[PDB]
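Heads up, the chain below is alone and in the form deposited in one PDB entry; it's given as C-alpha cells.
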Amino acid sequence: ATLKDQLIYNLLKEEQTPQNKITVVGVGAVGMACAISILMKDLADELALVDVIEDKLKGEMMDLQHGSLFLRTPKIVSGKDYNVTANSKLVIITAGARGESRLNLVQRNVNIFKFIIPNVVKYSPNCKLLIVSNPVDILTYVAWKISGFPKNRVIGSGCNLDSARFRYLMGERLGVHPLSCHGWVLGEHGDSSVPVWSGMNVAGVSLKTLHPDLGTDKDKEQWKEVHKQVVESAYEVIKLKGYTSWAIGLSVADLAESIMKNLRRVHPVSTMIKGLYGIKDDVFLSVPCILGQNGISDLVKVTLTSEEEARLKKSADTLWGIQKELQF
C-alpha cells in the first residue's frame, strides 16, 4: 500500500515494445544535434543513445531526460551495450572523430563500424540505417556490406546538407525563403559534389533557360560561386567554431521525418548508383531518392550533362579504388 498503490490502480502490467523507436550511435556534437532535433520534431516514442565514453553518454541522456516535460518522447535510454537499442525503426550512425588525410580515416572508421553494425543488426534486424559518419559515401557501402541489409534499408546522409546549404545561399542571393529556392547538389559528398544547374529554379522557372551561361566559367553573375560557397562555408564553420552540429542535426531529423512518417518525399541521399551513368561497381552516391517507412523505396533518374555524368563516374571510380582494398 505505497503512495503509488494508494493513488494509481493498475489495469494491466502488459509491457509492450516501442512502436516508433530511434537510436543515435555517437553522442558527439553531430549526434546530440540529431538527438535534440528529433526530440523537438516529435518523431520517436523512445530514444536510445549509444557511445563508448560511458560518462559523456550518461550525462547527455540525463540532460535530455530533464527536458521531458517540454517533449513528447516518453522514454529516453542509453548505454555502452546495444541491448538498449532493441526494436529500433531507425538507427543513426554518427560515431567516429570529426592534418590527417581522407584514406587514413576510412579503415580507421571501418574498424569502428565492424563492431557497431553487427550489434545494431543483432538487437534491431529490421531497422533502416542512416549513416552520417564521414566519408558518408564510403561508410554507407561499409555498413551495407557488414549488415547484409537490402539497399533500401541502408541510407547515407550524403548531399542532403549540401543541397540545404545550396538552397540557403540561392535564397540569400534572390531574397526568397530556401523552401521556394529549388536546386540540387548530387554525387559525392564534400568537395566532389555536383551542382545540377538544369534543375535550379524558382516557381518552376528554370534559371538555366533565362541565364543560358548559368554555372559555367562564362557566367556574367558567376552563379558557380554559390556551389563554391557550399564547399567553402563548411570549411569556414570548422575554422570558426571547430565543428558542425546544428545544420547536420536539422537535415538528419528531416530525413528521419520522411522515414518515420512514411512521407514519400524526395531527398538527395546516398544510395547505390550501380547501373546508372555507366557505373557498374558497388558504390554509393547521392541522387534524389523517395524516402518512406522502408527507406529508399525508389530513386529519381536525373538527366545530367556529359560533364555532370563524368563527374559522378570519376567519384564512383575513386570510391571503388578505396573500397577494393578494404578488409571486411
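Note that residue numbering follows the sequence shown and begins at 1. Think of the rigid core as the biggest set of C-alphas that the two forms share within 1.5 Å after superposition.
A.B. asks: Which fits the stretch between residue 98 and residue 99: none, 1 to 3, 4 to 9, or 10 or more deposited residues lacking coordinates?
C.D. replies: 1 to 3 residues are missing.
A.B. asks: Between 20-28 and 303-311, point out the one with the higher average CA B-factor as the PDB entry records it.
C.D. replies: 303-311 has the higher mean C-alpha B-factor.
A.B. asks: Do the CA atoms of 85-93 or those of 224-232 have the higher mean B-factor in the entry?
C.D. replies: Stretch with the greater average CA B-factor: 224-232.
A.B. asks: For the C-alpha B-factor as written in the entry, point me to the maximum among 59, 67, 275, 268.
C.D. replies: 275 has the highest C-alpha B-factor of those listed.
A.B. asks: Out of 72, 108, 182, 128, which residue has the highest Cα temperature factor in the PDB record?
C.D. replies: So the option with the highest C-alpha B-factor is 108.
A.B. asks: State the tercile, meaning the lowest, middle or highest third, of residue 113 with respect to the CA B-factors recorded for its chain.
C.D. replies: CA B-factor rank for residue 113: highest third.
A.B. asks: Among the chain's modelled residues, which third holds the C-alpha B-factor of residue 281?
C.D. replies: Highest third.
A.B. asks: Lowest, middle or highest third: which one holds residue 209 when the chain's residues are ordered by CA B-factor from the entry?
C.D. replies: Tercile = highest for this residue's CA B-factor.
A.B. asks: When the modelled residues of the chain are sorted by Cα temperature factor, does residue 173 land in the lowest, middle or highest third?
C.D. replies: Within its chain, residue 173 is a middle-third residue by C-alpha B-factor, going by the deposited values.
A.B. asks: Looking at the entry's B-factor column for C-alpha atoms only, identify whether residue 257 ranks in the lowest, middle or highest third of its chain.
C.D. replies: For residue 257, the deposited C-alpha B-factor lands in the lowest third.
Beyond what is shown, the protein has a form deposited in another entry; the following relates to that form.
A.B. asks: 2 Å or more on the CA of residue 209 between the shown form and the other one, with the rigid core superposed, yes or no?
C.D. replies: False for residue 209: its C-alpha shift is below 2 Å.
A.B. asks: My question is whether residue 126 is one of the residues whose C-alpha shifts by 2 Å or more between the shown form and the other one, given a fit on the rigid core.
C.D. replies: Where the cores coincide, residue 126 shows only a C-alpha shift between the shown form and the other one that is less than 2 Å.
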